[PDB]
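This document contains two forms of one protein chain, each encoded as structure tokens and listed individually as structure 1 and structure 2.
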Structure 1
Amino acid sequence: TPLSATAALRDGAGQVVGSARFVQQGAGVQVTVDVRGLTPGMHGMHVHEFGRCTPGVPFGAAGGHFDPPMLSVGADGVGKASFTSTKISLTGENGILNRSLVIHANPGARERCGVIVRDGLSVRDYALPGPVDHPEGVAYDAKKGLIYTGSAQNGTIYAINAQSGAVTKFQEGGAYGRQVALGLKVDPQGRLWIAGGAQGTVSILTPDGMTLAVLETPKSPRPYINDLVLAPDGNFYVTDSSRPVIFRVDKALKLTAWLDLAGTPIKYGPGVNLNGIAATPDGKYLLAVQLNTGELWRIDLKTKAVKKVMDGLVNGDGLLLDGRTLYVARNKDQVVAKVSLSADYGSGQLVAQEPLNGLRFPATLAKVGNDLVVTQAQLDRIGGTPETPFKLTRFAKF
């Protein structure tokens, strides 16, 4: 099934007066435009940054021209175009899904606008209320029907009712160990486990929203506790994307350095190293992705032996293991990758990469009922100018 998108082109009164169709063909996008009611001659036609066609001037809410192709309308006011472009894409870091197509007046004012909507793939966005939320980790409590997601900027955990979308503050951030929230997991007791980023902490909250414990790691320079996972053996394993160590938290809540990575094939370098982590359901292995190198690693829980599984996942962030299928959020690339794993988890093949309906720095993944949810963290905009509202996006497995 090809990657394609459609934009229903509206005029200022909100009437749909045309359509633009986009079909990905390798590196190029085939574009077809049909629109009526325009003045004869050549018209500027550009992608703008936001997928909104409401006033901001008419169509001002579309924002500026998207930069990281002229429409000719005959005497009857009908504009017709058909070309292939290598300057746009429906996927990757510069993909145009959920942006807008705007037609201008001169070869000028904005005369037509349409939101570019992915064909054949339904999604549900859950908007968050704050100006700097930067939701990073996500987890789901199926018994309560609540999605939890945490702010990488200030540590607040929001609870989202998965059916209604209603957002509440599960626990405000700011306390010791609670100033940053990255990877999240819900354990069988309904407790929320929270990776603490540069605080070097792992925090645990009970389902009432109260803190149970803040666990510290050793004080050494540049801690960055990134993500964690509960293995079948009952232990949590915790990645640090800056310090070459994997931590373990046992059932009694004792945190230890479990594997020193120096001298293993995992070589830490500049940037984000191990971050997403998963546990195989047979209890034999951890899988962890190294973002900066793009390498996926298998770690034997009994011997601590390390094996490379595959390469090609640069910018790989959160992991979600579903049998022999591994989903990998690739944050800069704005896609969710799908990996098929061998039976001993010793090799893998990258089989698909989904841009969904447009993603802004997707960071982590969780299962919600029969679906998946991904955070649009926009972490590349932290301290800068993110698009608001921040959102989580729920979508079918693939």
Structure 2
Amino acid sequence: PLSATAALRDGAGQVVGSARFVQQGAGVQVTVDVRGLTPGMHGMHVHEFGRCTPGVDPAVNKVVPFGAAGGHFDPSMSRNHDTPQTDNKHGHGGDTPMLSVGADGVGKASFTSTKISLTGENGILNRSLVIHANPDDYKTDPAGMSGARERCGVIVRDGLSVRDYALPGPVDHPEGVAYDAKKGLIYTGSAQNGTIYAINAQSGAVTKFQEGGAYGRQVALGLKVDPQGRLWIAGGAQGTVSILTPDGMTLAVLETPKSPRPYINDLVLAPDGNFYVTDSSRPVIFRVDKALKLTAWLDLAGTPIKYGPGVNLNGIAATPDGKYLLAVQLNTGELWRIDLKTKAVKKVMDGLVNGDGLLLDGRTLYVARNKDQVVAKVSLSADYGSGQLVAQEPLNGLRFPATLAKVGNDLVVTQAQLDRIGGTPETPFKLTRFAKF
């Protein structure tokens, strides 16, 4: 059972109440218990950002209490304030019913809403609940004349500890992530401009490992660190695989064949010492041997993997017994097993639509499902010929999770917001570290 809690605080930071969110179906059972308010009806809404600090209110363009919570949660971008009964396509998903405060200054509420969820596109984990000074006329934009923000609490997933690493840029869109255990460095790359950030896993300190923009370095997708500490970078529509030295210098840019519509997506270093590289547009798997010789290792046109619209093969892993590759086809949601010795291809399972980055830990496979805003967990059979979906974790809210890396006994996932590229992402961009579940 998914559940979350917001400790509601006043302007001075004192805890004055709490709201509880419990998943029931596709909606949420909400209870609010707060004291110390003025009696009457108070606007109450789920706001887009999980920040109960001052920030700019667009109505006056000045900093206001709880302004950093942003506007009302608006998963459909309706940009229209309406009733708690309006479908999200026409009104803010965060438009919840007003809080009634009795004469003793205590507010209680208990309602169910299908406009919000703890998972998926309507998910409100790491968003916020704001109680206002005035009543909500459920009509006037942007907030129904609810006026000043009087109480606010960040919605936090119950029973789960996570750690965020925040990035500095306005369009970072971190896509790939990798980890140098000897250096204690997390690397993450920008899908937008190719910059590689370095993150000290212990302190959280962020630096630029290498600025993007040069040949083979305009886009950075899937990332891996090899035993020598070199960073391998899938190059997207550049059609390249690029390699950086531990010092941050470009060692090589490797080209794939100049056939139309390249999209080099992700990669993995198998126990055999070879890298295997997915292309989500062209039906081919590339291999880069220890000699940095890149070949078109498997033509998928003969196999049962059929390419279609959107992203095809993308996340990829190698079984630690050296026998297979596993690769997820995002658009069909199929997980494929590829025999490294014979190049035979076998469907493992389906049910993984929007499956993106893979992370294999023995017979446990973690799968970011980007549009679904979860990390799925799959249990595989010993021959890797079949699997079962055992859990889907929204953690504490994931805005388009893309790829995964092992950091000690933890995992780290990028919140890529790739569905907002060219649009209006939330800032800061962040990576999220969490225990294997």
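For clarity, a rigid core is taken as the largest C-alpha set superposing within 1.5 Å between two forms. For residue numbers, the reference is structure 1: its sequence is counted from 1.
- Considering the motion between the two structures, the entry in 63, 117, 93, 259 that lies on the hinge linking the two rigid parts is 117.
- Domain rotation between the two structures, with the chain taken as two rigid parts and C-alpha atoms superposed, amounts to 10 degrees for the smaller part.
- If you overlay the core, the Cα of residue 80 moves by 1.1 Å between the two structures.
- Once the two forms are overlaid on the core, residue 244 shows a Cα shift of 0.3 Å between the two structures.
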